[PDB]
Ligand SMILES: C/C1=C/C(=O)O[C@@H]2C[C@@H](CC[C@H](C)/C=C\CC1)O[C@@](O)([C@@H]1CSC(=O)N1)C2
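The chain below stands alone and is given in C-alpha cells; this is the form solved without latrunculin B.
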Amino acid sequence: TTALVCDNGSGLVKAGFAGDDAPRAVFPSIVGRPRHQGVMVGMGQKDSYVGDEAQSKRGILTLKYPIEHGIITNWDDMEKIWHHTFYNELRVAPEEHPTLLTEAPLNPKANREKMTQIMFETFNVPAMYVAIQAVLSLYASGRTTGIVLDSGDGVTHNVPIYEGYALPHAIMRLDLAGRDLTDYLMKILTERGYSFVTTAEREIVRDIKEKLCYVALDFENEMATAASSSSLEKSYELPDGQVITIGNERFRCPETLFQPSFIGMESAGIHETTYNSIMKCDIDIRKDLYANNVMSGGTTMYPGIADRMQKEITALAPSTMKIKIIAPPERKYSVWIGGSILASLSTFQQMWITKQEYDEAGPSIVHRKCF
C-alpha cells in the first residue's frame, strides 16, 4: 500500500515513507563491534551494535561504515543497516512495502544488482526501484535539467542532468567530503595549539565546523584580512566552559573543496570540476546547466558557498552567460524528499521492478529498468 523511501549515504541513513515531507529516521550509518583492546560482557549474545546504539557506545567499539565514498563496500553490514532501518526504526514488515532505494551516480553495475538481489531474497519486498541521488535532488528542486553539486559526509559529485537524466560521461567525482573536512579542521586547529585527537574531541571539532566554518568569497583576500585584524575571528565555548577564539581556520577548512591540494589531493576544485563537467556536455545544453546549479547534501551548508560558486563559475564561463546557484534550505534532505515525491506519484506503480519480474529475469533486470 504505502511505499518506503531509503536514502543510504556514507555517513547517514535517511529513511521514511513516501508522501511524507521528511524522513522518519535519520541515523549514523555504522556498525560497531567490540574493541581490542577492551572488555565487554554487556553485549550479551550480540556480535554487533548498529545505528544510534553503536554511536552511543563509540567509546568501547571500533566503528565501521558499510558505505564508502557513497558506494557500498561492506555488504554484510549493509544488510544489517537495512534490517535495522525496516524493523527497528520504521517498524515495518518490508515484504509489505514497495521500496525505493538510492545510489551514487557512477555506482558500479554489479552493486546495483546485489542491492536488487538482497532486497528480494533477504527482505522479500514486493517491489523495488533504485534512483540516482543527485537526480532526485534536481527533481525536489522542480527541475528536469540542471547540474547538481552533491556533497555529503563521504563523497562529492558533479552531476549534469538533461530532460530528466544524468549524463554519465560528464559526471565528475571527488572523494573529499565532510568527514575528511572534519579531520582537516582537527589538524589546523591543532597546529594552532588546541590538540584534538580524542574519540570525543573529534566530536567537538565536528560541531565547530558545522557552526563556525564558511566559504570565503576570495581566499587570499580573506587570508589578508584575517592577518591584519580580528574581524573574522569568532569565539567558541567548549564543554569544559572555556571560551576560545578561532581564526582563519573557519574558511581554510572548506577551502579544501575548491583547493584539494590543502589535504594532499591532486584533484581539481569543485568549481573547476563543475566547469569541466558542463564542458563535457553538448554545447546546446550548457546554457541550461549554467543557469541551474543546484546544491544538495550537508557539506553544501557552509555559509558563503553559493556566492563563491557564482563567482568562480562566472570567471570560467563566457562573458555573457547567465549563471545561477540554487541552494535550497532543506538540502540536507533533498535526495530523500525527491524520492518521497517520485514514489508517491500515480504514475509510479508501473516503474517498480516486481518480485515476479525479478524471479523470472534475474537482477540484470535493474540495468534495463533503472537508468
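Throughout, we count residues from 1 along the sequence that is shown. Note that the rigid core is defined as the largest set of C-alphas that superpose within 1.5 Å between two forms. Only residues modelled in both forms are compared.
FYI, the form solved in complex with latrunculin B isn't displayed, but the following is about it.
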- Although latrunculin B is absent from this view, report whether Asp288 comes within 4.5 Å of it in the entry with it bound, heavy atoms only. no
- Query: Is there any non-hydrogen atom of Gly11 lying within 4.5 Å of latrunculin B in the entry with it bound?
  - Reply: yes
- Can you check whether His83 is within 4.5 Å of latrunculin B in the entry with it bound, heavy atom basis? no
- Message: With the partner left out here, check for me: in the entry with it bound, does some heavy atom of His97 sit within 4.5 Å of latrunculin B?
- Response: no
- Report yes if all three of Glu220, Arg252 and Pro260 come within 4.5 Å of latrunculin B in the entry with it bound by some heavy atom, otherwise no. no
- Query: Across 201-234, which residues bring a heavy atom to within 4.5 Å of latrunculin B in the entry with it bound?
  - Reply: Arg202, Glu203, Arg206, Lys209
- Only one of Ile188, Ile263, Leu238, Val92 shifts its Cα by 2 Å or more between this form and the one not shown once the rigid core is superposed, namely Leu238
- Does superposing the core leave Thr122 with a CA shift of 2 Å or more between this form and the one not shown? no
- Task: Tell me, please, whether between this form and the one not shown the C-alpha of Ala200 is shifted by 2 Å or more, with the rigid core used for superposition.
- Result: yes
- Only counting residues present in both forms, give the runs of 3 or more in a row whose C-alpha shift is 2 Å or more between this form and the one not shown, core aligned. 198-200, 228-231, 235-245
